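A.B. asks: First the structure, then my questions, so here it is.
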Amino acid sequence: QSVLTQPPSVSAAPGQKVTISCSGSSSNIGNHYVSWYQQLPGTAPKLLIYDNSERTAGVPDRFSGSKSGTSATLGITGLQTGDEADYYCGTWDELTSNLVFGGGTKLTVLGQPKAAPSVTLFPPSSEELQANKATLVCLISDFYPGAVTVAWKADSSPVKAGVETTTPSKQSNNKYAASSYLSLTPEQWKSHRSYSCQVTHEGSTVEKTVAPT
Amino acid sequence: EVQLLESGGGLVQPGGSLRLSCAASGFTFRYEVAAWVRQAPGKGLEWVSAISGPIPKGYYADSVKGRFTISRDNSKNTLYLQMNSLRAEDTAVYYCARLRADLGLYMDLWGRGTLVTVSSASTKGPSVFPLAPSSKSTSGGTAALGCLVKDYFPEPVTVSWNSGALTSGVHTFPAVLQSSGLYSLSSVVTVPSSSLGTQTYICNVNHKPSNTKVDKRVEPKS
């Protein structure tokens, strides 16, 4: 999926306010009504908003929907910790004849200070290269909120294939961890000057780089 | 006063078949338009199938048309999805939902969800590789070094340092589930910059289901 564009994460303190954008085309949001779904951890999505701005029974006015041109917004004011969910927009696409969805937005209600991630990047072991294999390991620790985007670079070029990234998970000290794995041939590894692991947390990037010695 | 409960999900091989159910209670599903939507782990929602009108008629996403068949038993007040010629990419939690229309379309009731896992992975043992500490070995800060645990099934695996002795620094990261269907994880330990050419770090890895114990040395580059 991900015909519709959302931000991957947003955060504000309890009592404070936030909005979540939902960006589409002329053939979906442009000509069709947007719905907003709330998913609490380990639970089923719940309809908050339908026909752009009609709240379902029980949903309070601080949850507000709006739509203009080919975009839609979810406003949440009076943030409580019970708001901590993944939020999805959805509508009809008259190009593909599909019900379509955004990629979701992880909402965090700040209970501790903003903490940026520590990144450690390991190159392929001497041993693994003998086996005709190559793995780079990007260890990502001590970030809050618990949402990161990970982008790998070959020299400066975007790498798509051979990437496996975990979902963020809770460390014993209440901060979040994640890891990222890039698979290469030894010819790829040895035929680039550097590979980089790039971790975006709250609009700011932490980059680690290695090189074949 | 109204809910949906799915069942039938679990583990199946590539090229395999599987049938999910979704029992309604507190309303008559029969007169309602019903739908299946799915979530590949840590990703968005994909619409799969929908069944409407009195005939009835089925609608499908192109990513499933000719493989999946939606139906309902009005007697058991239950909705079905028959899934044929299954692929690794069909791996996802599957929700049944109630679809209604006013000005536009919306899904106003969702079920609990159910996991569907499509892989070949047999009870395989891991390959362990040393993660040597950066030769950059700076006076300020300290030395990160670890152990890579690659391509195993199923969970879990156990990781220690010097047969228990060393727990001062240890971070053993949750495992990644690969498209291959195999698991990988790594364990890093932050240890003093100095006393590196003297101190002997062995990571000790055990995978029960495969019957695999491995001890790996971790020294810097030459």
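In the structure tokens, each chain is lettered A, B, ... as it comes, each chain's residues begin at 1, and ligands are numbered from 1 in order of appearance.
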Compile the contact shell of residue 134 in chain A as a ChimeraX atom specification: residues with an atom at most 12 Å away, counting only C-alpha atoms, same-chain residues fewer than 2 positions apart removed.

C.D. replies: /A:122-132,136-137,162,181-190,212 /B:129,148,150

A.B. asks: Tell me, as a compact mmCIF listing (two decimals) with C-alpha atoms, in the first residue's frame, which residues lie within 7 Å of range 163-173 of chain A, counting only C-alpha atoms; anything in the same chain fewer than 4 positions away does not count.

C.D. replies:
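Output saved as out_39.txt:
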```txt
# COMPACT_ATOMS: atom_id res chain seq x y z
CA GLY A 146 10.33 5.38 19.26
CA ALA A 147 10.15 6.25 15.51
CA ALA A 177 16.18 0.48 20.07
CA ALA A 178 16.16 -0.71 16.42
CA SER A 179 18.60 -2.43 13.99
CA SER A 180 19.16 -2.35 10.19
CA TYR A 181 20.90 -4.94 7.94
CA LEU A 182 22.23 -4.33 4.36
CA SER A 183 23.18 -7.48 2.31
CA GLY B 42 5.34 -2.75 10.78
CA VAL B 176 14.87 -8.89 12.38
CA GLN B 178 13.81 -11.30 6.88
```

A.B. asks: Give me the residues near residue 135 in chain B as a list in words, where near means some atom within 12 Å (using only C-alpha atoms) and where sequence neighbours in that chain fewer than 5 positions away do not count.

C.D. replies: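 Here the answer would be residues 122, 123, 210, 211 and 213 of chain A; 142, 143, 144, 145, 193, 196, 197, 219, 220, 221 and 222 of chain B.
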
A.B. asks: Define the interface residues of chain A facing chain B as those within 7 Å, counting only C-alpha atoms, and report them as a list in words.

C.D. replies: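 That gives the following set of residues: residues 1, 2, 32, 33, 35, 43, 44, 45, 46, 47, 50, 51, 91, 98, 99, 100, 101, 102, 103, 104, 122, 125, 127, 128, 164, 165, 166 and 167 of chain A.
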
A.B. asks: Quick one: residues within 12 Å of residue 111 in chain A, only C-alpha atoms counted, chain neighbours fewer than 6 positions away excluded, as a compact mmCIF listing (two decimals) with C-alpha atoms, in the first residue's frame?

C.D. replies:
```txt
# COMPACT_ATOMS: atom_id res chain seq x y z
CA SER A 11 4.89 14.19 18.96
CA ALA A 12 3.72 16.83 21.53
CA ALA A 13 3.34 16.97 25.39
CA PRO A 14 0.10 16.07 27.28
CA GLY A 15 -2.56 18.83 26.94
CA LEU A 79 -3.26 15.26 23.99
CA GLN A 80 -3.71 12.45 26.62
CA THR A 81 -1.25 9.44 26.81
CA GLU A 84 -0.67 7.04 21.73
CA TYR A 144 12.72 8.62 22.28
CA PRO A 145 10.23 8.95 20.73
CA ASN A 174 12.36 3.24 28.71
CA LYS A 175 14.21 4.49 25.54
```

A.B. asks: Separation of CA of residue 202 in chain B and CA of residue 170 in chain B, in Å?

C.D. replies: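 So the two atoms, CA of residue 202 in chain B and CA of residue 170 in chain B, lie 12.7 Å apart.
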
A.B. asks: Show which residues sit within 6 Å of range 68-75 of chain A, as a ChimeraX atom specification. Count only C-alpha atoms, and ignore same-chain residues fewer than 3 positions away.

C.D. replies: /A:18-25,29-30,63-65

A.B. asks: Could you find all residues in chain A that DSSP calls strand (DSSP E or B) from the backbone, and write them as a CSV table (one decimal) with C-alpha atoms, in the first residue's frame?

C.D. replies:
```csv
chain,number,residue,atom,x,y,z
A,4,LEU,CA,-1.6,8.2,0.3
A,5,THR,CA,1.3,10.1,2.0
A,9,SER,CA,5.7,10.1,13.2
A,10,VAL,CA,4.5,13.3,15.2
A,11,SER,CA,4.9,14.2,19.0
A,12,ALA,CA,3.7,16.8,21.5
A,18,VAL,CA,-0.9,18.2,16.8
A,19,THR,CA,-2.1,17.7,13.2
A,20,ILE,CA,-1.4,14.8,10.8
A,21,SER,CA,-1.4,15.5,7.0
A,22,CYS,CA,-2.8,13.0,4.4
A,23,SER,CA,-1.6,13.8,0.8
A,35,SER,CA,-11.7,8.4,6.8
A,36,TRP,CA,-9.3,8.4,9.8
A,37,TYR,CA,-8.5,5.1,11.8
A,38,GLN,CA,-6.8,4.8,15.2
A,39,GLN,CA,-4.8,1.7,16.1
A,46,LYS,CA,-11.1,2.1,15.1
A,47,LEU,CA,-13.0,4.5,12.8
A,48,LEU,CA,-12.6,8.0,14.3
A,49,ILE,CA,-13.6,10.2,11.2
A,50,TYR,CA,-15.6,9.5,8.0
A,54,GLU,CA,-18.0,13.3,10.7
A,55,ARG,CA,-16.9,11.9,14.2
A,63,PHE,CA,-10.4,14.9,17.2
A,64,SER,CA,-11.2,17.0,14.1
A,65,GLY,CA,-11.0,16.1,10.3
A,66,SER,CA,-10.6,18.5,7.3
A,67,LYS,CA,-10.0,18.3,3.6
A,68,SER,CA,-9.0,20.8,0.8
A,71,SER,CA,-4.9,16.8,1.0
A,72,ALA,CA,-6.6,16.0,4.4
A,73,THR,CA,-5.7,16.7,8.1
A,74,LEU,CA,-6.4,15.1,11.5
A,75,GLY,CA,-6.3,17.6,14.3
A,76,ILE,CA,-5.9,16.3,17.9
A,86,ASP,CA,-0.8,4.6,14.9
A,87,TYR,CA,-3.3,6.8,12.8
A,88,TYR,CA,-4.2,6.0,9.1
A,89,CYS,CA,-6.1,8.0,6.4
A,90,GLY,CA,-8.2,6.0,3.8
A,91,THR,CA,-10.5,6.7,0.8
A,92,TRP,CA,-11.4,5.4,-2.7
A,93,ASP,CA,-8.9,5.6,-5.7
A,98,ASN,CA,-9.1,0.2,-4.7
A,99,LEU,CA,-9.9,1.3,-1.2
A,100,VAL,CA,-6.5,3.0,-0.4
A,101,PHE,CA,-4.7,3.9,2.9
A,102,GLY,CA,-1.7,6.0,4.0
A,105,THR,CA,1.6,8.0,11.6
A,106,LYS,CA,3.0,6.9,15.1
A,107,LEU,CA,1.8,9.5,17.7
A,108,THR,CA,3.9,9.8,20.9
A,109,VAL,CA,2.7,11.9,23.9
A,115,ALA,CA,16.5,11.7,23.0
A,118,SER,CA,23.2,6.5,19.1
A,119,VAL,CA,24.3,4.8,15.9
A,120,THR,CA,27.1,2.0,15.6
A,121,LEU,CA,27.8,0.7,12.1
A,122,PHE,CA,29.9,-2.5,11.7
A,134,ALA,CA,28.7,-9.4,3.3
A,135,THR,CA,26.5,-7.9,6.0
A,136,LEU,CA,26.7,-4.3,7.4
A,137,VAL,CA,25.0,-3.9,10.9
A,138,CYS,CA,23.5,-0.6,12.0
A,139,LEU,CA,22.7,-0.7,15.8
A,140,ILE,CA,20.3,2.1,16.9
A,141,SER,CA,19.8,2.7,20.7
A,142,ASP,CA,18.6,5.3,23.3
A,143,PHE,CA,16.1,7.2,21.1
A,144,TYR,CA,12.7,8.6,22.3
A,149,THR,CA,13.6,6.4,9.3
A,150,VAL,CA,16.7,4.5,8.0
A,151,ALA,CA,18.3,5.3,4.6
A,152,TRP,CA,21.5,3.4,3.4
A,153,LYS,CA,24.0,5.0,1.0
A,154,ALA,CA,26.5,3.3,-1.4
A,157,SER,CA,23.8,6.8,-4.1
A,158,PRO,CA,20.5,5.4,-2.6
A,163,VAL,CA,17.7,-3.8,3.5
A,164,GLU,CA,16.0,-5.4,6.6
A,165,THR,CA,15.1,-2.8,9.4
A,169,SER,CA,11.3,-1.7,20.6
A,170,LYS,CA,11.5,-0.7,24.4
A,176,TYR,CA,13.8,2.7,22.1
A,177,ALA,CA,16.2,0.5,20.1
A,178,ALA,CA,16.2,-0.7,16.4
A,179,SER,CA,18.6,-2.4,14.0
A,180,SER,CA,19.2,-2.3,10.2
A,181,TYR,CA,20.9,-4.9,7.9
A,182,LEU,CA,22.2,-4.3,4.4
A,183,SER,CA,23.2,-7.5,2.3
A,184,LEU,CA,25.9,-7.1,-0.4
A,195,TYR,CA,28.6,2.8,2.7
A,196,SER,CA,26.6,4.9,5.2
A,197,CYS,CA,23.7,4.2,7.6
A,198,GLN,CA,21.5,7.4,8.0
A,199,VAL,CA,18.9,7.5,10.8
A,200,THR,CA,16.3,10.4,10.8
A,201,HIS,CA,14.8,11.1,14.3
A,204,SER,CA,17.4,15.5,12.2
A,205,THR,CA,19.7,12.8,10.8
A,206,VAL,CA,22.5,10.8,12.5
A,207,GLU,CA,24.9,9.3,9.9
A,208,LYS,CA,27.6,6.6,10.4
A,209,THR,CA,30.0,5.5,7.6
A,210,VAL,CA,32.6,2.7,7.0
```

A.B. asks: If we count only C-alpha atoms and set the cut-off at 10 Å, which residues sit around range 32-34 of chain B, ignoring sequence neighbours fewer than 3 positions away in its own chain? Please answer as a list in words.

C.D. replies: residues 22, 27, 28, 29, 49, 50, 51, 52, 53, 54, 56, 58, 70, 71, 72, 79, 80, 96, 97, 98, 99, 100, 101, 107 and 109 of chain B

A.B. asks: What's around residue 158 in chain B at 7 Å? Count only C-alpha atoms, leave out sequence neighbours fewer than 5 positions away in its own chain, and write the answer as a list in words.

C.D. replies: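 The filter keeps residues 205, 206 and 207 of chain B.
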
A.B. asks: Residues as selected, N, CA, C and O atoms, written as a compact mmCIF listing (two decimals), in the first residue's frame, can you do that?

C.D. replies:
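What landed in part.txt:
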```txt
# COMPACT_ATOMS: atom_id res chain seq x y z
N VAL B 205 26.91 -18.25 22.04
CA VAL B 205 25.58 -18.27 21.36
C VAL B 205 25.05 -19.70 21.36
O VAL B 205 25.79 -20.60 20.92
N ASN B 206 23.79 -19.88 21.76
CA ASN B 206 23.11 -21.20 21.78
C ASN B 206 21.71 -21.04 21.17
O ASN B 206 20.96 -20.16 21.64
N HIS B 207 21.40 -21.86 20.16
CA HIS B 207 20.07 -22.00 19.53
C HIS B 207 19.52 -23.40 19.84
O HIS B 207 20.08 -24.39 19.31
```

A.B. asks: Where does DSSP see helix (DSSP H, G or I) in chain B, if you list the residues as a list in words?

C.D. replies: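 Going through chain B, the helix (DSSP H, G or I) residues come out as residues 29, 30, 31, 88, 89 and 90 of chain B.
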
A.B. asks: Please save N, CA and C atoms of the selected residues as a short mmCIF file (atom, residue, chain, number, x, y, z; two decimals), in the first residue's frame.

C.D. replies:
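New file out_38.cif:
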```cif
data_model
loop_
_atom_site.label_atom_id
_atom_site.label_comp_id
_atom_site.auth_asym_id
_atom_site.auth_seq_id
_atom_site.Cartn_x
_atom_site.Cartn_y
_atom_site.Cartn_z
N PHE B 29 -24.81 -9.64 9.65
CA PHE B 29 -23.76 -9.38 8.63
C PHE B 29 -24.37 -9.44 7.23
N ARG B 30 -25.32 -10.37 7.03
CA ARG B 30 -25.97 -10.71 5.73
C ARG B 30 -26.37 -9.45 4.95
N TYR B 31 -26.97 -8.45 5.60
CA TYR B 31 -27.55 -7.24 4.96
C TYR B 31 -26.51 -6.12 4.87
N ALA B 88 5.11 -15.48 -0.21
CA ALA B 88 5.79 -14.88 0.97
C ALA B 88 5.22 -13.49 1.22
N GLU B 89 4.97 -12.72 0.15
CA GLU B 89 4.49 -11.31 0.21
C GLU B 89 3.05 -11.24 0.74
N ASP B 90 2.31 -12.37 0.79
CA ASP B 90 0.94 -12.48 1.36
C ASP B 90 0.99 -12.56 2.89
#
```

A.B. asks: Record the distance separating CA of residue 159 in chain A and CA of residue 121 in chain B, expressed in Å with one decimal.

C.D. replies: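 Taking CA of residue 159 in chain A as the start and CA of residue 121 in chain B as the end point, the length is 26.5 Å.
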
A.B. asks: At what distance in Å, to one decimal, does CA of residue 116 in chain A lie from CA of residue 201 in chain B?

C.D. replies: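 Answer for the CA of residue 201 in chain B to CA of residue 116 in chain A separation: 29.3 Å.
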